[PDB]
Amino acid sequence: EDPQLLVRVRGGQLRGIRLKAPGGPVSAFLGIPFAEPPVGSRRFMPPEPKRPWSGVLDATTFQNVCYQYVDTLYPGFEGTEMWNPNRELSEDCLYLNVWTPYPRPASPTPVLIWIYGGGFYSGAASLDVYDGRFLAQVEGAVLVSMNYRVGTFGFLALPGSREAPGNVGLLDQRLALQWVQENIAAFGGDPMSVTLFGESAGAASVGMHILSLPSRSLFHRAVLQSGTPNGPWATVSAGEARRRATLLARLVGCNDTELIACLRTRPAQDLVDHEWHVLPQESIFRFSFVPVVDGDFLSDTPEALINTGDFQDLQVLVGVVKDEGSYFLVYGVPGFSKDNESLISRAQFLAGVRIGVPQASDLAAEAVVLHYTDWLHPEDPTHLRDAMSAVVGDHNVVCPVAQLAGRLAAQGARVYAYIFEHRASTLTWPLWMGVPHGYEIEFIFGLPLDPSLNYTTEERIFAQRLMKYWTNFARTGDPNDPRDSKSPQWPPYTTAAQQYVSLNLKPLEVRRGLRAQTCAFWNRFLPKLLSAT
Amino acid sequence: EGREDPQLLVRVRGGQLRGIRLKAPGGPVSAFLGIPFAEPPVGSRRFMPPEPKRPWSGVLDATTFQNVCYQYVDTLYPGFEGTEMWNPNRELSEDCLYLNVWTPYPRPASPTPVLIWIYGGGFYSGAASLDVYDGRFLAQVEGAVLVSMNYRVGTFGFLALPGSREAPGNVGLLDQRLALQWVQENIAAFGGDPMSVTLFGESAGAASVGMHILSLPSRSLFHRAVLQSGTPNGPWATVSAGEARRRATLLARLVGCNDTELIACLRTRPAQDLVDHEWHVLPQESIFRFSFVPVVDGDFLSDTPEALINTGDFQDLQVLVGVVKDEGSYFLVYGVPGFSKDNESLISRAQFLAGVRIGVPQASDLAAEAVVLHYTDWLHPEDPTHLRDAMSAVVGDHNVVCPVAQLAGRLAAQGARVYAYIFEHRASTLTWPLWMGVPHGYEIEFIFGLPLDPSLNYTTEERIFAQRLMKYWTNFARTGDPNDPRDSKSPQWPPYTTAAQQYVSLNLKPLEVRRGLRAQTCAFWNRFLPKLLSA
Ligand SMILES: NC(=O)c1cc[n+](COC[n+]2ccc(/C=N/O)cc2/C=N/O)cc1
Ligand SMILES: NC(=O)c1cc[n+](COC[n+]2ccc(/C=N/O)cc2/C=N/O)cc1
């Protein structure tokens, strides 16, 4: 019984495991329950605080992954499987992981809370890419990551109902955030320096925590990697949630109470089986059960909330990868594949766009097509493929990010923006996907520091830079290294200057305007188009 | 006859002409100026198609320019050269259907390719007698037979009650056509080769050239066309029959006037009254919109220029088209608040949004917002210099660059041999401010080789450049190809193609080949904007 690996949290005692990171040990407390297993009648329900336990809870092992669709598009492909649950699926999955330095830090340490992505339909805090050991070891970070319920389990909302209020996956996260507040000190986490970070749906979750009052007291800073609460995919209206919940109910043979009661009776996988059949359109980058504008967790739409919010005492790191959109093309856009070069035809581009912008009228879609077509090379398939990617990325991540960045900056938030452009040497996706959604995580998390992983030493150094930025950001709300000078400085993203840095192997390069023209199209014109059909 | 210069006496179908031996820098040219090609479209012939000039007796003196067609005289900057050079430089009269011929002197031995200039002036102004249209240089240096005609502008040329007999529309185009007919029959008398007739015109003249390309009966009258900064397609070069009707009847009301009764009344109105009200009939506050312009009558223009360029076969056709660096700047000073020649015209976002409404007067709120969204530099959305230049770009793009783009594209896609340029050289002599860059119409003096007149204060590179441009134009006139056939030492001007979209820069530097005529931005105007108006 290593006394460093033994912690009394509020619910009782935990025994962590001493994990080794390349530069020394780290105390990992994995699988800490932060809620009553949201099983049985607790399905679709807000998480209840975990009841205290007797003895020493073994917290040396990752707990189950929240029940979710396992991707099957390319079975056994590292590029997909690395996101697949790497633990048993269970609805009993409300667990969080805490990595701290070994020994437990002397003074309260900034806490980073990771919220995984997975389109609100998947993910697990246990995936290798979210291994917090590196940030814990190299940076002395207390790194927390929770599981939260995904898909129907996390986000089936019958808005207004008691039994499926929606947003429970976010409430899960909130609970983990509460758990951190009440408990992290026991690990030498500073509950007064908690930085959320997350990517993609995790970023959106972070943004939703930013935009939800009861969440705001549970952290001080946020990082949104490649995802925003605003935007086309991260939220649905109450009505749309109801529609999909209802549709799923039909699809599985099921007032809200009786509908939900029936849904409660359904084997987890049945819900998952029919989860995708509730999308109004053939889509990419769209997900059936996502946070719901419920008037409750989200008092208004994220757009509304980022327009009106006061974000004075908020610091935010946001950014995108170079190819936000490439990843998604292979999952429903004809002509795209990890296997060929996905050189697509004009027609496949126009059709691809209807799938990428499923909410688009013909005119909006034409607007998009006409905007993204390089008219010097209108039918060149490389351009069209890259444009399809661009469309999907801009529409879904880049422009939502720019919007968020701008709105937060305009409304007092200190904002740092980045574009991550380094394509992992070890990346199993084809070159044309460039730097896909999610492939910065391994770097932020510091996996290149694990020599056994085959990352180049330029990458190891890069990961170190990024872990420095992230944790400096966590420590201080400023990602710049004070123990460094002018190599060069990461400026706050402002609405005037619109500065952001490229994160890649070269030093920070400050760029201005995060696809400013194109985002103007998406953020300013596109809504005007559709808001007049 | 007998005591005078034997090389200035020419007979044409209507009779005997005495021209004038004019001094060009490199030697003399023959000019036959103010040759009537139509019956004065006066009195009862106002608004009527031109009738062929009835033969005259004796030797018609063709030694001076004739009347300029009755027109509005721009008075925004009185005494300012930049506006005065466009201003009529001969008496304003409805009796104005006269053309001009410059030929080498002595007249060319063998049939020489004919250049016919059609001046612009927004269809409400212009005159073949402006100094910038002086054919002497192209005649002297290039051996070209240059012909320019006056055609009726404004109401007299374009007021239309479509369907009516008495104001069928497009008569100013018909004057041009009549002058083309004149060149066909008579140009050989000057050593002109009626089988090598190139039209060229700038701005409304270019639209006019385009109209002729688009109009069957004109087709047999020329072989090649140059469209400088103007196109028959685009938002200003034509009006629907309905809109022409609307403006004609409104103009009528404005001056106190069944089509016959209306026209008859209009015919009793003094020219100046018509001119005085000409500009009050535009549907919106606007720039680069002109009240009386060619009408889609289903006669001269069998359908919209858009429709005819989209579906015509342009096999036999060589077209040189192009734009100036800054097509839009000129028009900004005449009715976009904020803009002036007298200052840097740094405007505000408000003034830009306002400008866009004036610059794209046909635009719905949504379409205007698109324009604004497109042209705003979102890094510097409030930046007055960018906004000022974006305003210019909006007007230039919308009215010239993108119409030219659609035109070049559609023409190339349909068999035409298209050569495309952007003229980027700002005359060292330009009296407009620097921000205006190279405004609309300021390539003309170079095409015409004015810089060759040593007394005109152009620089030597400008003289050389004029010569190059004159070469391009006359080569294109000769061969359908602006390139010098021997001289491959100079870079080649490739045809504009839909595939490669090549055009050249015309500036002091040797031909640089560029790709895509604002391809991205013209996709907005030519492909997106129409759709944004179909709802
Ligand atoms: N719940 C379901 O049955 C289900 C869920 C998700 N998909 C598609 O998910 C594939 N996938 C997997 C991973 C990513 C994100 N990568 O960064 C994106 C995507 C899709 N984008 O449209 C199909 C069925
Ligand atoms: N009734 C008309 O069509 C009309 C009459 C007079 N103007 C005076 O316009 C000023 N102006 C005068 C000269 C030029 C071009 N000169 O080369 C361009 C412009 C701009 N027009 O919007 C315009 C339309």
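Quick note on labels: first sequence line is chain A, next is B, and so on, each numbered from 1. When a ligand or atom number is given, it counts from 1 through the structure's own listing order. All heavy atoms count here, side chains included; hydrogens, waters and symmetry mates do not.
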Would you verify whether the NZ or CZ of B:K341 falls within 45 degrees of the ring axis of B:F80 while also being under 6.0 Å from that six-membered ring's centre?
-> yes
Take A:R149 and A:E91 through the test salt bridge (charged side-chain N to carboxylate O under 4.0 Å, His left out) and record every step on the way to the result.
-> CA-CA 8 Å; A:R149 286 167 282 177; A:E91 288 182 76; over 6 Å; no
Residue pair B:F123 / B:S208, side-chain heavy-atom distance below 4.5 Å | yes
Near-ring test B:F290/B:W279, centroid separation under 6.0 angstrom = no
Take B:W86 and B:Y442, measure what ring-ring contact (aromatic ring centres under 6.0 Å, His included) needs, and give me the verdict at the end.
-> CA-CA 11 Å; B:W86 301 115; B:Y442 286 91; 5.6 Å; yes
Enumerate the pairs of nitrogen or oxygen atoms, one from ligand 1 and one from the protein, separated by less than 3.5 angstrom; state names and distance to 0.1 Å.
| from | atom 1 | to | atom 2 | distance (Å) |
| --- | --- | --- | --- | --- |
| ligand 1 | 1 (N) | A:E275 | OE1 | 2.7 |
| ligand 1 | 3 (O) | A:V272 | O | 3.4 |
| ligand 1 | 7 (N) | A:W276 | NE1 | 3.4 |
| ligand 1 | 9 (O) | A:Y121 | OH | 2.8 |
| ligand 1 | 11 (N) | A:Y121 | OH | 3.0 |
| ligand 1 | 17 (O) | A:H437 | O | 3.3 |
| ligand 1 | 22 (O) | A:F285 | N | 2.9 |

Compute the ring centroids of A:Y327 and A:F336, then answer whether they are less than 6.0 Å apart.
-> no
